[PDB]
Amino acid sequence: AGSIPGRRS
Amino acid sequence: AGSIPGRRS
Amino acid sequence: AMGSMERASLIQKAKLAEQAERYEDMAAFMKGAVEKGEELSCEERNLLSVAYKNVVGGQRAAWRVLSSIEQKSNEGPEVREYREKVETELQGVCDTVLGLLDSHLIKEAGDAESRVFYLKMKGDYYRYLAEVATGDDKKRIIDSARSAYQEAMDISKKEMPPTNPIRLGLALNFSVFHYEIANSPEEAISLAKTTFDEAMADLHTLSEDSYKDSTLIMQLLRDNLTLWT
Amino acid sequence: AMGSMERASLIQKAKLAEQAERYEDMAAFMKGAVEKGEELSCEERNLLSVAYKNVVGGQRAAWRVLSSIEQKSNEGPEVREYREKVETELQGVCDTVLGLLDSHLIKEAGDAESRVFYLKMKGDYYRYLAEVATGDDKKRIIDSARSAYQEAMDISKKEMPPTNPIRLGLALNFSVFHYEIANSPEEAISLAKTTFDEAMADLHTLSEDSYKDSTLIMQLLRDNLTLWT
Ligand SMILES: *Cc1ccc(S(=O)(=O)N2CCN(C(C)C)CC2)cc1
Ligand SMILES: *Cc1ccc(S(=O)(=O)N2CCN(C(C)C)CC2)cc1
């Protein structure tokens with residue numbers, strides 16, 4: 001299950 | 001130009 | 001640490017640190033910027049979130065590797081000791097982010113976009129605490145994640161369109177909370193499907209660029225639904 | 001830092017840190033193991049080298065990103081200040097590795113395999129210092145890299161077969177020194193070609209597993225020759 005990656009602006 | 005990567009044992 | 005650096009310089013250096021893939025530096029610059037005491041703009045909120053998501057993402061990946069080795073070894077003290085060290089570090093980063101949100105980002109956030117953004121962060125960092133928690137303290141941590149996500153959901157449904165990317169990402173991450181943390185897979189599936197369907201029905205209102213932003217997150221909801229059903 | 005942990009526990013934790021991709025931890029564990037004062041085995045030397053090559057490799061990649069932005073901006077003080085911060089950190093890691101080699105890894109290394117390994121490291125970390133050095137101090141740093149690599153080369157040619165992987169990797173990295181640092185591309189090309197040809201002529205002596213180890217590094221020499229000619 002994936003959450004928002006959220007690692008690039 | 002590449003040196004030895006050297007980043008994995 | 002960063003008290004002597006100008007706010008604008010901390011923001012500029014956080015952007016440089018992102019380009020250099022120096023995420024611990026990025027997070028320290030954005031912590032310094034938050035501690036200046038002014039509210040954050042949309043772009044600055046994103047820099048804060050990206051910095052800490054990368055730091056804690058590396059810690060979580062390391063904790064999972066170590067936890068797997070430790071569980072296999074239970075099928076000397078070093079694997080447990082080192083898993084504990086990484087776990088304590090991870091908890092410290094989560095506590096730092098939660099402390100920024102509590103002092104004083106959330107209380108000063110009055111527009112729905114900022115308040116939902118910070119409450120989603122609060123749910124996420126309690127969720128990362130819950131991933132490593134063991135026992136009854138796990139219960140209170142799980143409830144804190146749930147409560148933060150639920151308040152964000154309530155605001156988002158009242159104040160934002162169903163395609164808003166923060167509303168979508170909040171629903172995605174709350175559905176992962178239900179599936180992975182709260183042992184509520186049917187609630188996870190329901191929330192993901194309702195969120196996807198209500199966004200689909202609002203796509204016609206969007207520009208080409210907003211359509212791209214919303215459909216990207218919708219695909220993540222679909223990817224989870226495919227794995228879960 | 002690590003004085004209270006057993007040597008064997010530091011080694012075990014360095015291996016776990018590698019699996020977890022926690023290279024700063026890995027390097028701190030291996031520094032602690034070196035500082036126990038005993039010589040390192042072949043496997044332990046490799047753990048020390050892998051840990052620091054990953055730490056300094058991330059710093060070098062960040063320094064190059066920042067140096068590129070800084071040069072473009074010269075076509076506020078923040079880009080230079082942050083490049084300087086990363087540069088100082090990088091120099092500190094190189095100085096730490098050089099200090100371990102000088103106190104006391106090299107002087108206690110009597111077999112050719114260990115002595116060549118440590119002298120190749122010494123050349124590499126002076127080379128990384130040279131990459132960021134500016135001016136006449138650049139000259140003395142370049143000479144220190146050259147001298148370390150040359151002593152390693154002299155021992156390797158006397159004591160190891162031309163297919164030995166450490167001999168090959170030393171020649172590869174000394175050729176990169178010539179090409180990138182010393183402004184001697186013809187010396188780089190000559191050394192890479194002679195090393196490749198002399199290894200090729202010795203492959204017939206090797207087992208299948210040793211053949212695989214040597215040919216992998218030979219391909220790196222060939223890849224540089226293709227880029228340089
Ligand atoms: C939780 C969440 C954070 C941010 C967004 S976003 O601002 O719409 N956006 C950030 C960057 N983006 C990358 C470039 C793919 C994805 C999401 C949505 C939700
Ligand atoms: C400079 C140098 C260091 C190490 C070697 S090696 O021990 O023969 N080996 C290490 C691991 N390996 C990876 C798995 C590809 C490559 C080289 C040679 C030269």
Side-chain angles (χ1 to χ4, degrees), chain A residues 3-7 9, chain C residues 1-18 22-60 63 86-133 140-153 155-156 165-166 169-170 173-174 177 181, chain D residues 78 82:
Chain A
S3 63
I4 281 270
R7 286 165 84 155
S9 74
Chain C
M2 302 288 171
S4 65
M5 200 177 313
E6 287 279 13
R7 190 189 190 276
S9 296
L10 291 166
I11 297 294
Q12 180 176 354
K13 290 183 183 176
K15 293 171 185 176
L16 294 170
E18 182 178 19
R22 294 267 299 198
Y23 295 104
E24 289 172 36
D25 286 353
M26 188 193 186
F29 293 137
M30 289 306 309
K31 178 175 188 288
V34 168
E35 289 169 347
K36 298 300 175 180
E38 307 271 10
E39 296 190 24
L40 306 190
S41 71
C42 177
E43 184 181 4
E44 294 164 355
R45 292 193 291 276
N46 275 315
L47 293 169
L48 175 69
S49 178
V50 164
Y52 278 109
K53 204 138 271 192
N54 274 279
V55 172
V56 84
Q59 294 171 318
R60 290 164 72 208
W63 185 94
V86 172
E87 182 173 302
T88 299
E89 190 186 288
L90 181 163
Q91 295 168 321
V93 177
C94 292
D95 289 344
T96 291
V97 175
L98 292 169
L100 295 173
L101 296 169
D102 201 47
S103 302
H104 299 277
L105 288 170
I106 289 170
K107 71 172 60 64
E108 292 304 338
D111 291 357
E113 38 194 6
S114 61
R115 194 172 180 85
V116 171
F117 191 94
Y118 292 135
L119 288 166
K120 178 186 169 181
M121 285 181 74
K122 183 174 177 171
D124 286 343
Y125 288 87
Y126 275 116
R127 170 162 60 87
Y128 306 152
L129 290 175
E131 288 179 338
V132 307
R140 263 181 287 267
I141 293 166
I142 288 175
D143 202 69
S144 288
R146 181 207 56 74
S147 181
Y149 284 134
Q150 188 58 245
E151 186 182 344
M153 288 286 318
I155 297 167
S156 76
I166 300 298
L170 166 62
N173 284 9
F174 196 18
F177 168 83
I181 308 290
Chain D
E78 288 86 356
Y82 188 44

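All values below were derived from every heavy atom in this structure, side-chain atoms included, with hydrogens, water molecules and symmetry-related copies excluded. Here is the naming used below: chain letters follow the sequence lines, and residue numbers restart at 1 for every chain.
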In Å and rounded to the nearest 0.5 Å, what is the CG to CD distance from C:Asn46 to C:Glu18? 9.5 Å
Under the 3.5 angstrom rule, does the side chain of C:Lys122 hit a backbone N or O of C:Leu98 as a donor-acceptor pair? no
Min side-chain heavy-atom separation C:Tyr52-C:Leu100 under 4.5 Å: yes
I want to check something: taking the side chain as every heavy atom from C-beta on, are D:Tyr82 and C:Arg22 in contact at a cut-off of under 4.5 Å? yes
With a 4.5 Å heavy-atom cut-off, do C:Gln12 and C:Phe29 have their side chains touching? no
Under the side chain to side chain contact (heavy atoms under 4.5 Å, CB included) rule, what do C:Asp95 and C:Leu129 come out as? Steps first, then yes or no, please. CA-CA 9 Å; C:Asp95 289 344; C:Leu129 290 175; 3.9 Å; yes
Any donor-acceptor pair under 3.5 Å from C:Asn54 side chain to A:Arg7 backbone: yes
Checking the side chain of C:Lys36 only, and the main-chain atoms of C:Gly3 only, is there a donor and an acceptor separated by less than 3.5 Å? yes
Under 6.0 Å from the CD atom of C:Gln150, do we count more than 12 heavy atoms belonging to anything else shown? yes
Side chains of C:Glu131 and C:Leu90: closer than 4.5 Å at any heavy-atom pair? no
I'd like to know if C:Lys15 pairs up with C:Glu43 as an ion pair, taking the criterion as any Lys NZ or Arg NE/NH1/NH2 lying under 4.0 Å from an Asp or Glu carboxylate oxygen. yes
With a 4.0 Å cut-off on N to O distance, would you call C:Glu38 and C:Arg7 a salt bridge? no
A side-chain contact here means heavy atoms from C-beta on lying under 4.5 Å apart; do C:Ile166 and C:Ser156 qualify? no
Using the side chain to side chain contact (heavy atoms under 4.5 Å, CB included) rule, pick out the option among C:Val132, C:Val56, C:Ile141 that qualifies with C:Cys94. C:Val56
Please determine, by modelled atom types, if C:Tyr149 and C:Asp124 share a side-chain donor-acceptor pair under 3.5 angstrom. yes
Do C:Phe117 and C:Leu105 have side-chain heavy atoms sitting under 4.5 Å apart? no
Is any side-chain heavy atom of C:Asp25 closer than 4.5 Å to a side-chain heavy atom of C:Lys13? no
Please examine the side chains of C:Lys53 and C:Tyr128, heavy atoms only from C-beta on, and report whether any two atoms are closer than 4.5 Å. yes
Which pair of heavy atoms, one from A:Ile4 and one from C:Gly169, lies closest together, and at what distance? CG1-CA, 3.7 Å
